[PDB]
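Single-structure report; data block below.
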Amino acid sequence: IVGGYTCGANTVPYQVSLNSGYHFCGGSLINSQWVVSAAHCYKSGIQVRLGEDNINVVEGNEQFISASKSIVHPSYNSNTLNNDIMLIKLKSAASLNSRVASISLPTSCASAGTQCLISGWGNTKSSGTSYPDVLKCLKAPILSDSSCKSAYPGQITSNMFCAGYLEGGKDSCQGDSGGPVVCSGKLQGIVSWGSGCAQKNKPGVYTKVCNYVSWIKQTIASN
Ligand SMILES: CCOC(=O)CO/N=C(/c1ccccn1)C1(c2ccc3c(c2)nc(CNc2ccc(C(=N)N)cc2)n3C)CC1
Ligand SMILES: [Ca+2]
C-alpha cells in the first residue's frame, strides 16, 4: 500500500496473508473454511495466515492453516487478467473470534464515489521496494467507468473497476494482490493489477466481486 497508514493490530479481521515461506499475496476470509483471493496469486504449497499484524513476528492471535485446494476461475485469462478471482479451501475451519472474522459478500454492486478500505502488506513505495512488517490501510473511492476506461483504453472488462486517486500518491501495489476492497462492510473488490503504483492517471484496477457472487456460492456448495 502506497500512501496509506498503519491499520492497527487486528482492525481488519478478515484480512489473510498467503504464505509460501514468505508473504506473496493477500486474501479475505468469507467463512470459517473459505478464502477469496486473486487467480494470479495461484501457487501450490499455500499456507493461509489469519489474525496477522506483524507478519515477521509471532505475536499471538495467528492461525496458520494449510490450503486443501485452490480453485482458480475456469475462465481466468492470464493475458488480460479477466476473471482474476480464486477460492481457497482451508484444510481445517478457522477459529472465528474478535480478531479473526469473515467479511460479507455484496448483494449489489457498489456505485462510483463509494469510499472503500483497501489493505495489505505490499510494497509501500512508488519508486523502489519497501515492504512493511505490519498491515497498511488505505481509504479510496470507486472511480467512474468512464474515467477508468479513459485511464486504461481497451484493458478494462466488465469484471473490473478502478479505485483510487488520479493525482497519484496513494494506491495498492505489488504484494497487495488478492487482498480486500471493502465498501460499507461488503467485499466489493480484489486487488488485481495496475500500471506501476500510485502513478498519476494510473489508478488501481480491481476484480468486481459482485459479478461473481453466484459463482462463489455454487462453487463453495459443491466442494
Ligand atoms: C511487470 C511485467 O508485466 C508485463 O510484462 C505485462 O503486463 N501486462 C499488463 C496488462 C494488464 C491488463 C491487460 C493487458 N495487459 C499490466 C499488468 C498486469 C498484471 C499485473 C501488473 C501489471 N502488475 C501486477 C502486480 N500487482 C499490482 C500492481 C499494481 C497495482 C496497483 N497500482 N493498484 C496493484 C497490484 N499484476 C498482477 C501492465 C499493466
Ligand atoms: Ca505475526
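Counting convention: from 1, in listed order, for ligands and their atoms alike. Each residue takes its place number in the sequence, starting with 1.
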[atom1]-[atom2] distance between [X] and [Y], expressed to the nearest 0.5 angstrom:
X: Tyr42; Y: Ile88; atom1: OH; atom2: CD1; result: 10.0 Å
X: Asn31; Y: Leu96; atom1: CG; atom2: CG; result: 8.5 Å
X: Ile85; Y: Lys208; atom1: CD1; atom2: NZ; result: 13.5 Å
X: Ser126; Y: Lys170; atom1: OG; atom2: NZ; result: 12.5 Å
X: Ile46; Y: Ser70; atom1: CD1; atom2: OG; result: 4.0 Å

Note the single closest protein heavy atom to [atom], along with its residue, its atom name and the distance in Å.
atom: atom 10 (C) of ligand 1; answer: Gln155 NE2, 4.1 Å
atom: atom 19 (C) of ligand 1; answer: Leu81 CD1, 3.2 Å
atom: atom 31 (C) of ligand 1; answer: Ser172 O, 3.3 Å
atom: atom 37 (C) of ligand 1; answer: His40 NE2, 3.0 Å
atom: atom 21 (C) of ligand 1; answer: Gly194 O, 3.8 Å
atom: atom 20 (C) of ligand 1; answer: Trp193 CB, 3.5 Å
atom: atom 29 (C) of ligand 1; answer: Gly196 O, 3.3 Å

Checklist outcome for this item: Near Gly204 (heavy-atom distance under 4.0 Å), the atoms of ligand 1 are 33 (N)
Next on the checklist: Need the ligand 1 atom indices (1-based, order shown) with element for anything under 4.0 Å from a heavy-atom of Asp171.
Outcome noted: 31 (C), 32 (N), 33 (N)
Checklist entry - Near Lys202 NZ, under 6.0 Å, is it more than 12 heavy atoms from other residues, nucleotides or ligands? => result yes
Next on the checklist: Please determine whether the number of non-hydrogen atoms from other residues, nucleotides or ligands lying under 6.0 Å from atom NZ of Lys43 exceeds 12.
Outcome noted: yes
For [atom], decide whether some protein heavy-atom distance is shorter than 4.0 Å.
atom: atom 15 (N) of ligand 1; value: yes
atom: atom 6 (C) of ligand 1; value: no
atom: atom 33 (N) of ligand 1; value: yes
atom: atom 26 (N) of ligand 1; value: yes
atom: atom 1 (C) of ligand 1; value: no
atom: atom 39 (C) of ligand 1; value: yes

Checklist entry - Of all heavy-atom pairs between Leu81 and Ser192, which one has the smallest distance, and what is that distance? => result CD1-OG, 4.1 Å
Using a heavy-atom cut-off of under 4.0 Å, does the side chain or the backbone of [X] touch ligand 1, or both, or neither?
X: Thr80; result: backbone
X: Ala38; result: neither
X: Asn79; result: backbone

Checklist entry - Judging by distance only, is a nitrogen or oxygen of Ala198 under 3.5 angstrom from one on ligand 1? => result no
Checklist entry - Does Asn61 reach the side chain of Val100, with side-chain heavy atoms less than 4.5 Å apart? => result no
Checklist entry - Quick one: does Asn211's side chain get under 4.5 Å of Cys109's, heavy atoms only? => result yes
Checklist entry - Do any of the N, O or S atoms of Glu52 sit under 3.0 Å from the Ca ion (ligand 2)? => result yes
Checklist entry - Checking only N/O/S atoms, does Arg49 have one that is under 3.0 Å from the Ca ion (ligand 2)? => result no
Checklist outcome for this item: From the list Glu52, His23, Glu62, side-chain hydrogen bond (donor to acceptor under 3.5 Å, both in side chains) partner of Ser17 resolves to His23
Item to check | Backbone N/O of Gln47 and side chain of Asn19: donor-acceptor pair under 3.5 Å | outcome: no
Next on the checklist: Only to 10 degrees, please: what angle do the O atom of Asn54 and the OE2 atom of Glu62 make about the Ca ion (ligand 2)?
Outcome noted: 160°
Next on the checklist: Check for me whether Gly122 has a heavy atom closer than 4.0 Å to any atom of ligand 1.
Outcome noted: no
Item to check | Aromatic plane relationship, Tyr212 with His73 - under 30° parallel, 30 to 60° tilted, over 60° perpendicular | outcome: perpendicular
Item to check | Stepwise side-chain contact (heavy atoms from CB on, under 4.5 Å) test for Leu29 and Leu50 | outcome: CA-CA 8 Å; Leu29 187 68; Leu50 297 300; 4.0 Å; yes
